[PDB]
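Enquirer: So I've got this file, work_20.txt, and it contains compact mmCIF, N, CA and C atoms:
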```txt
# COMPACT_ATOMS: atom_id res chain seq x y z
N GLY U 1 23.25 12.54 27.37
CA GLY U 1 21.95 12.32 26.75
C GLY U 1 21.25 11.09 27.30
N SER U 2 20.52 10.39 26.44
CA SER U 2 19.79 9.19 26.85
C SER U 2 20.43 7.94 26.25
N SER U 3 19.90 6.78 26.62
CA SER U 3 20.41 5.51 26.13
C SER U 3 19.81 5.17 24.77
N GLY U 4 19.81 6.15 23.87
CA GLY U 4 19.26 5.93 22.54
C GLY U 4 17.78 5.63 22.57
N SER U 5 17.03 6.21 21.64
CA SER U 5 15.59 6.00 21.56
C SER U 5 15.03 6.51 20.24
N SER U 6 14.22 5.68 19.59
CA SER U 6 13.63 6.04 18.31
C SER U 6 14.69 6.58 17.34
N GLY U 7 15.81 5.88 17.27
CA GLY U 7 16.89 6.29 16.39
C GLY U 7 17.18 5.27 15.31
N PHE U 8 16.31 5.21 14.31
CA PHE U 8 16.47 4.27 13.20
C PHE U 8 15.88 4.83 11.91
N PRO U 9 16.65 4.73 10.82
CA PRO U 9 16.22 5.23 9.51
C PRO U 9 15.10 4.38 8.91
N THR U 10 14.09 5.05 8.37
CA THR U 10 12.95 4.37 7.77
C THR U 10 13.11 4.28 6.25
N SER U 11 13.14 5.43 5.60
CA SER U 11 13.28 5.48 4.15
C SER U 11 14.25 6.58 3.73
N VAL U 12 15.15 6.25 2.81
CA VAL U 12 16.14 7.21 2.33
C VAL U 12 15.49 8.56 2.02
N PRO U 13 15.87 9.59 2.78
CA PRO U 13 15.34 10.95 2.59
C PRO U 13 15.82 11.59 1.30
N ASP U 14 15.11 12.62 0.86
CA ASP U 14 15.47 13.33 -0.37
C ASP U 14 15.45 12.38 -1.56
N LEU U 15 14.35 11.67 -1.74
CA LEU U 15 14.21 10.73 -2.84
C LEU U 15 14.55 11.39 -4.17
N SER U 16 15.61 10.90 -4.81
CA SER U 16 16.05 11.45 -6.09
C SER U 16 15.63 10.54 -7.24
N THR U 17 14.33 10.35 -7.40
CA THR U 17 13.79 9.50 -8.46
C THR U 17 12.92 10.31 -9.42
N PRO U 18 12.91 9.89 -10.69
CA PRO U 18 12.12 10.55 -11.73
C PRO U 18 10.62 10.35 -11.55
N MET U 19 10.25 9.70 -10.45
CA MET U 19 8.85 9.44 -10.15
C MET U 19 8.50 9.86 -8.73
N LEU U 20 7.21 9.88 -8.41
CA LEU U 20 6.76 10.26 -7.08
C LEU U 20 5.59 9.39 -6.63
N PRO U 21 5.87 8.46 -5.71
CA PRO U 21 4.86 7.54 -5.17
C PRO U 21 3.84 8.25 -4.29
N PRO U 22 2.76 7.54 -3.93
CA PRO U 22 1.70 8.09 -3.08
C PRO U 22 2.16 8.30 -1.64
N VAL U 23 1.24 8.77 -0.80
CA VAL U 23 1.55 9.02 0.60
C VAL U 23 0.35 8.72 1.49
N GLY U 24 0.51 8.94 2.79
CA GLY U 24 -0.56 8.68 3.73
C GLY U 24 -1.26 7.36 3.47
N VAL U 25 -0.48 6.34 3.12
CA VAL U 25 -1.03 5.02 2.84
C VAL U 25 -1.62 4.40 4.10
N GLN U 26 -2.93 4.21 4.09
CA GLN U 26 -3.62 3.62 5.24
C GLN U 26 -4.21 2.26 4.87
N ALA U 27 -4.23 1.35 5.85
CA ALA U 27 -4.76 0.01 5.63
C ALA U 27 -5.92 -0.27 6.57
N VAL U 28 -7.14 -0.17 6.05
CA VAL U 28 -8.34 -0.42 6.84
C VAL U 28 -8.81 -1.86 6.69
N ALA U 29 -9.18 -2.48 7.81
CA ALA U 29 -9.65 -3.86 7.81
C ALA U 29 -11.17 -3.92 7.83
N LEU U 30 -11.76 -4.43 6.75
CA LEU U 30 -13.21 -4.54 6.65
C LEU U 30 -13.71 -5.79 7.37
N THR U 31 -13.14 -6.94 7.02
CA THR U 31 -13.53 -8.20 7.63
C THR U 31 -12.33 -9.13 7.78
N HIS U 32 -12.55 -10.29 8.40
CA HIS U 32 -11.49 -11.27 8.60
C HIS U 32 -10.70 -11.48 7.32
N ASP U 33 -11.40 -11.55 6.19
CA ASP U 33 -10.76 -11.75 4.90
C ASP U 33 -11.02 -10.56 3.98
N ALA U 34 -10.95 -9.36 4.54
CA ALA U 34 -11.17 -8.14 3.77
C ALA U 34 -10.43 -6.96 4.38
N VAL U 35 -9.70 -6.22 3.54
CA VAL U 35 -8.94 -5.07 4.00
C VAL U 35 -8.96 -3.95 2.96
N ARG U 36 -9.59 -2.84 3.30
CA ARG U 36 -9.68 -1.70 2.40
C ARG U 36 -8.47 -0.79 2.55
N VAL U 37 -7.59 -0.82 1.54
CA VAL U 37 -6.39 0.00 1.56
C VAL U 37 -6.61 1.32 0.82
N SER U 38 -6.73 2.40 1.58
CA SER U 38 -6.94 3.72 1.00
C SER U 38 -5.73 4.61 1.21
N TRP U 39 -5.41 5.42 0.20
CA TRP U 39 -4.27 6.33 0.28
C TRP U 39 -4.59 7.66 -0.40
N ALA U 40 -3.60 8.55 -0.42
CA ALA U 40 -3.78 9.86 -1.03
C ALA U 40 -2.80 10.07 -2.18
N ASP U 41 -3.12 11.00 -3.07
CA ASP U 41 -2.27 11.29 -4.22
C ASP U 41 -1.47 12.57 -3.99
N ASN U 42 -0.15 12.46 -4.08
CA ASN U 42 0.73 13.60 -3.89
C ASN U 42 1.10 14.24 -5.22
N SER U 43 1.65 13.43 -6.13
CA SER U 43 2.05 13.92 -7.44
C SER U 43 1.01 14.87 -8.01
N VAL U 44 -0.26 14.57 -7.75
CA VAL U 44 -1.36 15.40 -8.24
C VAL U 44 -1.94 16.25 -7.12
N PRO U 45 -1.72 17.57 -7.20
CA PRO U 45 -2.22 18.52 -6.20
C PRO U 45 -3.73 18.67 -6.25
N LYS U 46 -4.25 19.61 -5.46
CA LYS U 46 -5.69 19.86 -5.42
C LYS U 46 -6.28 19.91 -6.83
N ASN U 47 -5.78 20.83 -7.64
CA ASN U 47 -6.25 20.98 -9.01
C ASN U 47 -5.10 20.81 -10.01
N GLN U 48 -5.29 19.92 -10.97
CA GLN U 48 -4.27 19.66 -11.98
C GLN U 48 -4.81 18.73 -13.07
N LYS U 49 -4.49 19.05 -14.32
CA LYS U 49 -4.93 18.25 -15.45
C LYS U 49 -3.78 17.96 -16.40
N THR U 50 -3.35 16.70 -16.44
CA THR U 50 -2.25 16.29 -17.31
C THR U 50 -2.72 15.29 -18.35
N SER U 51 -2.03 15.26 -19.49
CA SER U 51 -2.38 14.35 -20.57
C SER U 51 -1.52 13.09 -20.52
N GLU U 52 -1.09 12.73 -19.32
CA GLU U 52 -0.25 11.54 -19.13
C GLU U 52 -1.03 10.44 -18.40
N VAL U 53 -0.68 9.19 -18.70
CA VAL U 53 -1.34 8.05 -18.08
C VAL U 53 -0.64 7.66 -16.77
N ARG U 54 -1.26 6.75 -16.03
CA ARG U 54 -0.71 6.29 -14.76
C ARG U 54 -1.53 5.14 -14.19
N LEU U 55 -0.86 4.19 -13.57
CA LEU U 55 -1.53 3.04 -12.97
C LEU U 55 -1.01 2.77 -11.57
N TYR U 56 -1.92 2.53 -10.63
CA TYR U 56 -1.56 2.26 -9.25
C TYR U 56 -1.62 0.77 -8.95
N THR U 57 -0.52 0.22 -8.45
CA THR U 57 -0.45 -1.20 -8.13
C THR U 57 -0.45 -1.42 -6.62
N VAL U 58 -1.00 -2.54 -6.19
CA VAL U 58 -1.06 -2.87 -4.77
C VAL U 58 -0.52 -4.27 -4.50
N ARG U 59 0.43 -4.37 -3.58
CA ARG U 59 1.03 -5.65 -3.23
C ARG U 59 0.95 -5.90 -1.73
N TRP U 60 0.82 -7.17 -1.35
CA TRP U 60 0.73 -7.54 0.05
C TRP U 60 1.14 -9.00 0.26
N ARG U 61 1.77 -9.28 1.39
CA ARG U 61 2.22 -10.63 1.70
C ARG U 61 2.21 -10.87 3.21
N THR U 62 2.09 -12.13 3.60
CA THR U 62 2.06 -12.49 5.02
C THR U 62 3.23 -11.85 5.77
N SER U 63 2.90 -11.03 6.76
CA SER U 63 3.92 -10.35 7.55
C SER U 63 4.59 -11.32 8.52
N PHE U 64 5.90 -11.50 8.37
CA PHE U 64 6.65 -12.40 9.23
C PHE U 64 6.33 -13.86 8.91
N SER U 65 6.39 -14.20 7.63
CA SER U 65 6.10 -15.56 7.19
C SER U 65 7.20 -16.09 6.28
N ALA U 66 7.78 -17.22 6.66
CA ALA U 66 8.85 -17.83 5.88
C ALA U 66 8.46 -17.95 4.41
N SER U 67 7.50 -18.83 4.12
CA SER U 67 7.04 -19.05 2.76
C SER U 67 5.91 -18.08 2.41
N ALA U 68 6.27 -16.82 2.18
CA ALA U 68 5.30 -15.79 1.84
C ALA U 68 5.41 -15.40 0.37
N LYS U 69 4.28 -15.01 -0.22
CA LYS U 69 4.26 -14.61 -1.62
C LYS U 69 3.73 -13.18 -1.77
N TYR U 70 4.40 -12.39 -2.59
CA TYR U 70 4.01 -11.00 -2.82
C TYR U 70 2.95 -10.91 -3.92
N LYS U 71 1.78 -10.40 -3.56
CA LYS U 71 0.69 -10.26 -4.52
C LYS U 71 0.77 -8.91 -5.24
N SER U 72 -0.01 -8.77 -6.31
CA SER U 72 -0.02 -7.54 -7.08
C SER U 72 -1.33 -7.39 -7.85
N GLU U 73 -1.98 -6.24 -7.69
CA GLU U 73 -3.25 -5.98 -8.37
C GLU U 73 -3.23 -4.60 -9.03
N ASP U 74 -4.01 -4.46 -10.10
CA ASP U 74 -4.08 -3.20 -10.82
C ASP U 74 -5.40 -2.49 -10.54
N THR U 75 -5.31 -1.23 -10.13
CA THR U 75 -6.50 -0.44 -9.82
C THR U 75 -6.29 1.03 -10.17
N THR U 76 -7.22 1.58 -10.95
CA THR U 76 -7.14 2.98 -11.36
C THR U 76 -7.75 3.90 -10.32
N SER U 77 -7.78 3.44 -9.07
CA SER U 77 -8.34 4.22 -7.97
C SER U 77 -7.34 4.34 -6.83
N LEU U 78 -7.67 5.19 -5.86
CA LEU U 78 -6.80 5.40 -4.70
C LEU U 78 -7.23 4.53 -3.53
N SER U 79 -7.92 3.43 -3.83
CA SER U 79 -8.39 2.52 -2.80
C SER U 79 -8.63 1.13 -3.38
N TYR U 80 -8.07 0.12 -2.71
CA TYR U 80 -8.22 -1.26 -3.16
C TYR U 80 -8.71 -2.15 -2.02
N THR U 81 -9.53 -3.14 -2.37
CA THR U 81 -10.08 -4.06 -1.38
C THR U 81 -9.40 -5.42 -1.46
N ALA U 82 -8.62 -5.75 -0.44
CA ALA U 82 -7.91 -7.02 -0.39
C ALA U 82 -8.82 -8.14 0.09
N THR U 83 -9.32 -8.95 -0.84
CA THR U 83 -10.21 -10.05 -0.51
C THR U 83 -9.47 -11.39 -0.57
N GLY U 84 -9.98 -12.37 0.17
CA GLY U 84 -9.35 -13.68 0.18
C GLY U 84 -8.07 -13.71 0.99
N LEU U 85 -8.14 -13.21 2.22
CA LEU U 85 -6.98 -13.18 3.10
C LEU U 85 -7.13 -14.16 4.25
N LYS U 86 -6.17 -14.15 5.17
CA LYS U 86 -6.20 -15.04 6.32
C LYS U 86 -6.70 -14.31 7.56
N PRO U 87 -7.61 -14.95 8.31
CA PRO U 87 -8.18 -14.38 9.53
C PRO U 87 -7.16 -14.31 10.67
N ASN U 88 -7.31 -13.30 11.53
CA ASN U 88 -6.40 -13.12 12.65
C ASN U 88 -4.96 -13.02 12.18
N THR U 89 -4.78 -12.55 10.95
CA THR U 89 -3.45 -12.40 10.37
C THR U 89 -3.28 -11.03 9.73
N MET U 90 -2.12 -10.41 9.96
CA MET U 90 -1.83 -9.10 9.41
C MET U 90 -0.77 -9.19 8.31
N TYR U 91 -0.82 -8.26 7.37
CA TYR U 91 0.14 -8.24 6.27
C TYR U 91 0.60 -6.81 5.98
N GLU U 92 1.58 -6.69 5.08
CA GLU U 92 2.12 -5.39 4.72
C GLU U 92 1.56 -4.92 3.37
N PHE U 93 0.97 -3.73 3.36
CA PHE U 93 0.40 -3.18 2.14
C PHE U 93 1.20 -1.97 1.66
N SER U 94 1.24 -1.78 0.35
CA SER U 94 1.98 -0.67 -0.24
C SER U 94 1.40 -0.29 -1.60
N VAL U 95 1.50 0.99 -1.95
CA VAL U 95 0.98 1.48 -3.22
C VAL U 95 2.09 2.12 -4.05
N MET U 96 1.93 2.09 -5.37
CA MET U 96 2.92 2.66 -6.27
C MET U 96 2.25 3.18 -7.54
N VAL U 97 3.06 3.63 -8.49
CA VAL U 97 2.55 4.15 -9.75
C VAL U 97 3.50 3.84 -10.90
N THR U 98 2.94 3.68 -12.10
CA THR U 98 3.74 3.38 -13.28
C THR U 98 3.43 4.35 -14.42
N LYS U 99 4.23 5.40 -14.52
CA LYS U 99 4.05 6.40 -15.57
C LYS U 99 5.29 6.51 -16.44
N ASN U 100 5.10 6.91 -17.69
CA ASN U 100 6.21 7.06 -18.63
C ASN U 100 6.76 5.70 -19.04
N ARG U 101 5.88 4.70 -19.10
CA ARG U 101 6.27 3.35 -19.48
C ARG U 101 7.28 2.78 -18.48
N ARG U 102 7.23 3.28 -17.25
CA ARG U 102 8.14 2.82 -16.21
C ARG U 102 7.44 2.80 -14.85
N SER U 103 7.96 1.99 -13.94
CA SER U 103 7.39 1.87 -12.60
C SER U 103 8.26 2.58 -11.57
N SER U 104 7.62 3.17 -10.57
CA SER U 104 8.33 3.88 -9.51
C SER U 104 8.42 3.04 -8.25
N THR U 105 8.98 3.62 -7.19
CA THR U 105 9.13 2.93 -5.92
C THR U 105 7.83 2.95 -5.12
N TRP U 106 7.70 2.03 -4.18
CA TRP U 106 6.51 1.95 -3.34
C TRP U 106 6.56 2.98 -2.22
N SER U 107 5.39 3.37 -1.73
CA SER U 107 5.31 4.35 -0.65
C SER U 107 5.31 3.67 0.71
N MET U 108 5.29 4.47 1.77
CA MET U 108 5.29 3.94 3.13
C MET U 108 4.31 2.77 3.26
N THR U 109 4.70 1.76 4.02
CA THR U 109 3.86 0.59 4.23
C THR U 109 2.83 0.83 5.32
N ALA U 110 1.71 0.13 5.24
CA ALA U 110 0.64 0.27 6.23
C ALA U 110 0.27 -1.08 6.83
N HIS U 111 0.27 -1.15 8.16
CA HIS U 111 -0.07 -2.39 8.86
C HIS U 111 -1.56 -2.42 9.22
N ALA U 112 -2.15 -3.60 9.16
CA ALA U 112 -3.56 -3.77 9.48
C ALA U 112 -3.93 -5.24 9.60
N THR U 113 -4.20 -5.68 10.82
CA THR U 113 -4.57 -7.07 11.08
C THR U 113 -6.05 -7.30 10.84
N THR U 114 -6.41 -8.53 10.48
CA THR U 114 -7.80 -8.88 10.22
C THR U 114 -8.48 -9.39 11.49
N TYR U 115 -9.81 -9.28 11.52
CA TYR U 115 -10.58 -9.73 12.67
C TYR U 115 -10.63 -11.25 12.74
N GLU U 116 -10.69 -11.79 13.95
CA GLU U 116 -10.74 -13.23 14.15
C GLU U 116 -12.00 -13.82 13.52
N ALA U 117 -11.80 -14.76 12.60
CA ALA U 117 -12.92 -15.40 11.91
C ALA U 117 -13.88 -16.04 12.91
N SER U 118 -15.01 -16.53 12.41
CA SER U 118 -16.01 -17.16 13.26
C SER U 118 -16.50 -16.19 14.34
N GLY U 119 -16.67 -14.93 13.96
CA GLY U 119 -17.13 -13.93 14.90
C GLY U 119 -16.10 -12.84 15.14
N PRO U 120 -16.44 -11.60 14.75
CA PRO U 120 -15.55 -10.45 14.91
C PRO U 120 -15.38 -10.05 16.37
N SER U 121 -14.13 -9.89 16.80
CA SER U 121 -13.83 -9.52 18.17
C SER U 121 -14.74 -8.39 18.64
N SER U 122 -15.24 -8.51 19.86
CA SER U 122 -16.13 -7.50 20.43
C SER U 122 -15.61 -7.01 21.78
N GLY U 123 -16.22 -5.94 22.29
CA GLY U 123 -15.80 -5.39 23.57
C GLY U 123 -16.82 -5.64 24.66
```
Show me, as structure tokens, the structure contained in the file I just sent.
Expert:
Amino acid sequence: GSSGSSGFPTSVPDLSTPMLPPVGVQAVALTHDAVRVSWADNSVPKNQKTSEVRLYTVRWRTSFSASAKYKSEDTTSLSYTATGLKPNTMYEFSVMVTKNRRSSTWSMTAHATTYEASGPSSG
């Protein structure tokens, strides 16, 4: 065969949890200190109406930073705007849900660096 390539586990397959986190988590960068994190809802198909509650949380912290702090915000939407960030710096974003008076695991992480302050990089 080959000398090994792309052979590393990302997330434990066959998630056996009583909950189901979001998917297709994308991290869009609006400005040096702005990042629009948009994702999709899996637990809820095209059409579905349930009488249960649910809250989506968003956390992010300096990627590859010794003294980093994990943030957390509450949003009843599938998109959150990360304001007050560091320019020319990227972080890790993730989405989750809290239903049944309990919180579930976070979904795939999304990388997205911010534009260099004092003028957005141009071509």
Enquirer: Can you check which residues of segment 58-120 of chain U DSSP gives as strand (DSSP E) on the backbone and send them as a PyMOL selection string?
Expert: chain U and resi 58-62+73-75+79-83+90-97+110-113
Enquirer: Keeping only N, CA and C atoms, write the selected residues as a short mmCIF file (atom, residue, chain, number, x, y, z; two decimals), keeping the file's coordinate frame.
Expert:
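Wrote it out as part_36.cif, contents follow:
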```
data_model
loop_
_atom_site.label_atom_id
_atom_site.label_comp_id
_atom_site.auth_asym_id
_atom_site.auth_seq_id
_atom_site.Cartn_x
_atom_site.Cartn_y
_atom_site.Cartn_z
N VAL U 58 -1.00 -2.54 -6.19
CA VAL U 58 -1.06 -2.87 -4.77
C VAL U 58 -0.52 -4.27 -4.50
N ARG U 59 0.43 -4.37 -3.58
CA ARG U 59 1.03 -5.65 -3.23
C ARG U 59 0.95 -5.90 -1.73
N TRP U 60 0.82 -7.17 -1.35
CA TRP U 60 0.73 -7.54 0.05
C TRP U 60 1.14 -9.00 0.26
N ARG U 61 1.77 -9.28 1.39
CA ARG U 61 2.22 -10.63 1.70
C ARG U 61 2.21 -10.87 3.21
N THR U 62 2.09 -12.13 3.60
CA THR U 62 2.06 -12.49 5.02
C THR U 62 3.23 -11.85 5.77
N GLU U 73 -1.98 -6.24 -7.69
CA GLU U 73 -3.25 -5.98 -8.37
C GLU U 73 -3.23 -4.60 -9.03
N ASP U 74 -4.01 -4.46 -10.10
CA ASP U 74 -4.08 -3.20 -10.82
C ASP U 74 -5.40 -2.49 -10.54
N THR U 75 -5.31 -1.23 -10.13
CA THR U 75 -6.50 -0.44 -9.82
C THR U 75 -6.29 1.03 -10.17
N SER U 79 -7.92 3.43 -3.83
CA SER U 79 -8.39 2.52 -2.80
C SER U 79 -8.63 1.13 -3.38
N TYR U 80 -8.07 0.12 -2.71
CA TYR U 80 -8.22 -1.26 -3.16
C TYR U 80 -8.71 -2.15 -2.02
N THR U 81 -9.53 -3.14 -2.37
CA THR U 81 -10.08 -4.06 -1.38
C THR U 81 -9.40 -5.42 -1.46
N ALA U 82 -8.62 -5.75 -0.44
CA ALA U 82 -7.91 -7.02 -0.39
C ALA U 82 -8.82 -8.14 0.09
N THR U 83 -9.32 -8.95 -0.84
CA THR U 83 -10.21 -10.05 -0.51
C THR U 83 -9.47 -11.39 -0.57
N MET U 90 -2.12 -10.41 9.96
CA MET U 90 -1.83 -9.10 9.41
C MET U 90 -0.77 -9.19 8.31
N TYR U 91 -0.82 -8.26 7.37
CA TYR U 91 0.14 -8.24 6.27
C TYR U 91 0.60 -6.81 5.98
N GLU U 92 1.58 -6.69 5.08
CA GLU U 92 2.12 -5.39 4.72
C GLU U 92 1.56 -4.92 3.37
N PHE U 93 0.97 -3.73 3.36
CA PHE U 93 0.40 -3.18 2.14
C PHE U 93 1.20 -1.97 1.66
N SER U 94 1.24 -1.78 0.35
CA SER U 94 1.98 -0.67 -0.24
C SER U 94 1.40 -0.29 -1.60
N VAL U 95 1.50 0.99 -1.95
CA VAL U 95 0.98 1.48 -3.22
C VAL U 95 2.09 2.12 -4.05
N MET U 96 1.93 2.09 -5.37
CA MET U 96 2.92 2.66 -6.27
C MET U 96 2.25 3.18 -7.54
N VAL U 97 3.06 3.63 -8.49
CA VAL U 97 2.55 4.15 -9.75
C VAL U 97 3.50 3.84 -10.90
N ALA U 110 1.71 0.13 5.24
CA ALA U 110 0.64 0.27 6.23
C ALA U 110 0.27 -1.08 6.83
N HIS U 111 0.27 -1.15 8.16
CA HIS U 111 -0.07 -2.39 8.86
C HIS U 111 -1.56 -2.42 9.22
N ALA U 112 -2.15 -3.60 9.16
CA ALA U 112 -3.56 -3.77 9.48
C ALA U 112 -3.93 -5.24 9.60
N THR U 113 -4.20 -5.68 10.82
CA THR U 113 -4.57 -7.07 11.08
C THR U 113 -6.05 -7.30 10.84
#
```
Enquirer: If we count all atoms listed in the file, what is near residue 77 of chain U at a cut-off of 8 Å, once residues fewer than 5 positions away on the same chain are taken out, given as a list in words?
Expert: residues 38, 39, 55, 56 and 57 of chain U
Enquirer: Give me the residues near segment 23-36 of chain U as a VMD selection string, where near means some atom within 6 Å (using only C-alpha atoms) and where sequence neighbours in that chain fewer than 6 positions away do not count.
Expert: chain U and resid 80 to 87 110 112 114 to 117
Enquirer: Write the residues you've just listed into a file as a PDB file, in the coordinates of the input, and include N, CA and C atoms for each of them.
Expert:
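Here's the written file out_32.pdb:
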```
ATOM      1  N   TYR U  80      -8.070   0.120  -2.710  1.00  0.00           N
ATOM      2  CA  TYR U  80      -8.220  -1.260  -3.160  1.00  0.00           C
ATOM      3  C   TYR U  80      -8.710  -2.150  -2.020  1.00  0.00           C
ATOM      4  N   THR U  81      -9.530  -3.140  -2.370  1.00  0.00           N
ATOM      5  CA  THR U  81     -10.080  -4.060  -1.380  1.00  0.00           C
ATOM      6  C   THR U  81      -9.400  -5.420  -1.460  1.00  0.00           C
ATOM      7  N   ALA U  82      -8.620  -5.750  -0.440  1.00  0.00           N
ATOM      8  CA  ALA U  82      -7.910  -7.020  -0.390  1.00  0.00           C
ATOM      9  C   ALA U  82      -8.820  -8.140   0.090  1.00  0.00           C
ATOM     10  N   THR U  83      -9.320  -8.950  -0.840  1.00  0.00           N
ATOM     11  CA  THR U  83     -10.210 -10.050  -0.510  1.00  0.00           C
ATOM     12  C   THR U  83      -9.470 -11.390  -0.570  1.00  0.00           C
ATOM     13  N   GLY U  84      -9.980 -12.370   0.170  1.00  0.00           N
ATOM     14  CA  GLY U  84      -9.350 -13.680   0.180  1.00  0.00           C
ATOM     15  C   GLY U  84      -8.070 -13.710   0.990  1.00  0.00           C
ATOM     16  N   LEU U  85      -8.140 -13.210   2.220  1.00  0.00           N
ATOM     17  CA  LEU U  85      -6.980 -13.180   3.100  1.00  0.00           C
ATOM     18  C   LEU U  85      -7.130 -14.160   4.250  1.00  0.00           C
ATOM     19  N   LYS U  86      -6.170 -14.150   5.170  1.00  0.00           N
ATOM     20  CA  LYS U  86      -6.200 -15.040   6.320  1.00  0.00           C
ATOM     21  C   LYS U  86      -6.700 -14.310   7.560  1.00  0.00           C
ATOM     22  N   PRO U  87      -7.610 -14.950   8.310  1.00  0.00           N
ATOM     23  CA  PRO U  87      -8.180 -14.380   9.530  1.00  0.00           C
ATOM     24  C   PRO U  87      -7.160 -14.310  10.670  1.00  0.00           C
ATOM     25  N   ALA U 110       1.710   0.130   5.240  1.00  0.00           N
ATOM     26  CA  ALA U 110       0.640   0.270   6.230  1.00  0.00           C
ATOM     27  C   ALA U 110       0.270  -1.080   6.830  1.00  0.00           C
ATOM     28  N   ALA U 112      -2.150  -3.600   9.160  1.00  0.00           N
ATOM     29  CA  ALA U 112      -3.560  -3.770   9.480  1.00  0.00           C
ATOM     30  C   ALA U 112      -3.930  -5.240   9.600  1.00  0.00           C
ATOM     31  N   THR U 114      -6.410  -8.530  10.480  1.00  0.00           N
ATOM     32  CA  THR U 114      -7.800  -8.880  10.220  1.00  0.00           C
ATOM     33  C   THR U 114      -8.480  -9.390  11.490  1.00  0.00           C
ATOM     34  N   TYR U 115      -9.810  -9.280  11.520  1.00  0.00           N
ATOM     35  CA  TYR U 115     -10.580  -9.730  12.670  1.00  0.00           C
ATOM     36  C   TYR U 115     -10.630 -11.250  12.740  1.00  0.00           C
ATOM     37  N   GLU U 116     -10.690 -11.790  13.950  1.00  0.00           N
ATOM     38  CA  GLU U 116     -10.740 -13.230  14.150  1.00  0.00           C
ATOM     39  C   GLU U 116     -12.000 -13.820  13.520  1.00  0.00           C
ATOM     40  N   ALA U 117     -11.800 -14.760  12.600  1.00  0.00           N
ATOM     41  CA  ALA U 117     -12.920 -15.400  11.910  1.00  0.00           C
ATOM     42  C   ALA U 117     -13.880 -16.040  12.910  1.00  0.00           C
TER      43      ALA U 117
END
```
Enquirer: Here is a test: counting all atoms listed in the file, which residue of U:118, U:16, U:75, U:62 is nearest to residue 91 of chain U?
Expert: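 Nearest to residue 91 of chain U: U:62.
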Enquirer: Distance atom C of residue 97 of chain U-atom N of residue 111 of chain U, one decimal place?
Expert: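 That distance, rounded to one decimal, is 20.0 Å.
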Enquirer: Work out how far apart atom CA of residue 37 of chain U and atom C of residue 79 of chain U are and give it in Å to one decimal.
Expert: 5.5 Å
Enquirer: As JSON, numbers by chain, please: the residues near residue 10 of chain U (cut-off 10 Å, only C-alpha atoms, same-chain neighbours under 3 positions excluded).
Expert: {"U": [7, 13, 108]}
Enquirer: Can you tell me, as AutoDock Vina command-line options, the centre and edge lengths (Å, one decimal) of the axis-aligned box enclosing all of segment 97-108 of chain U's listed atoms after padding each side by 5 Å?
Expert:
```
--center_x 5.8 --center_y 4.5 --center_z -8.1 --size_x 16.6 --size_y 15.2 --size_z 32.7
```
Enquirer: State, in Å with one decimal place, the distance from atom N of residue 18 of chain U to atom N of residue 59 of chain U.
Expert: 20.2 Å
Enquirer: Go through U:8, U:63, U:73, U:19 and flag the residue nearest residue 113 of chain U, using only C-alpha atoms for the distances.
Expert: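 Selected residue with least distance to residue 113 of chain U: U:63.
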Enquirer: Give the answer as one residue: which of U:17, U:50, U:2, U:43 has the shortest atom-to-atom distance to residue 104 of chain U, using only N, CA and C atoms?
Expert: U:17
Enquirer: Could segment 104-112 of chain U be completed with N, CA, C and O atoms and returned as a PDB file, in the frame of the given file?
Expert:
```pdb
ATOM      1  N   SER U 104       7.620   3.170 -10.570  1.00  0.00           N
ATOM      2  CA  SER U 104       8.330   3.880  -9.510  1.00  0.00           C
ATOM      3  C   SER U 104       8.420   3.040  -8.250  1.00  0.00           C
ATOM      4  O   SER U 104       8.003   1.882  -8.228  1.00  0.00           O
ATOM      5  N   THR U 105       8.980   3.620  -7.190  1.00  0.00           N
ATOM      6  CA  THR U 105       9.130   2.930  -5.920  1.00  0.00           C
ATOM      7  C   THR U 105       7.830   2.950  -5.120  1.00  0.00           C
ATOM      8  O   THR U 105       6.962   3.797  -5.359  1.00  0.00           O
ATOM      9  N   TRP U 106       7.700   2.030  -4.180  1.00  0.00           N
ATOM     10  CA  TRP U 106       6.510   1.950  -3.340  1.00  0.00           C
ATOM     11  C   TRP U 106       6.560   2.980  -2.220  1.00  0.00           C
ATOM     12  O   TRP U 106       7.640   3.402  -1.801  1.00  0.00           O
ATOM     13  N   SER U 107       5.390   3.370  -1.730  1.00  0.00           N
ATOM     14  CA  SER U 107       5.310   4.350  -0.650  1.00  0.00           C
ATOM     15  C   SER U 107       5.310   3.670   0.710  1.00  0.00           C
ATOM     16  O   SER U 107       5.323   2.439   0.801  1.00  0.00           O
ATOM     17  N   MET U 108       5.290   4.470   1.770  1.00  0.00           N
ATOM     18  CA  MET U 108       5.290   3.940   3.130  1.00  0.00           C
ATOM     19  C   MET U 108       4.310   2.770   3.260  1.00  0.00           C
ATOM     20  O   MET U 108       3.224   2.797   2.683  1.00  0.00           O
ATOM     21  N   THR U 109       4.700   1.760   4.020  1.00  0.00           N
ATOM     22  CA  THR U 109       3.860   0.590   4.230  1.00  0.00           C
ATOM     23  C   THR U 109       2.830   0.830   5.320  1.00  0.00           C
ATOM     24  O   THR U 109       3.042   1.650   6.216  1.00  0.00           O
ATOM     25  N   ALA U 110       1.710   0.130   5.240  1.00  0.00           N
ATOM     26  CA  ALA U 110       0.640   0.270   6.230  1.00  0.00           C
ATOM     27  C   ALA U 110       0.270  -1.080   6.830  1.00  0.00           C
ATOM     28  O   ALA U 110      -0.010  -2.041   6.109  1.00  0.00           O
ATOM     29  N   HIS U 111       0.270  -1.150   8.160  1.00  0.00           N
ATOM     30  CA  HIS U 111      -0.070  -2.390   8.860  1.00  0.00           C
ATOM     31  C   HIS U 111      -1.560  -2.420   9.220  1.00  0.00           C
ATOM     32  O   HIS U 111      -2.145  -1.387   9.549  1.00  0.00           O
ATOM     33  N   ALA U 112      -2.150  -3.600   9.160  1.00  0.00           N
ATOM     34  CA  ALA U 112      -3.560  -3.770   9.480  1.00  0.00           C
ATOM     35  C   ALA U 112      -3.930  -5.240   9.600  1.00  0.00           C
ATOM     36  O   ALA U 112      -3.972  -5.966   8.605  1.00  0.00           O
TER      37      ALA U 112
END
```
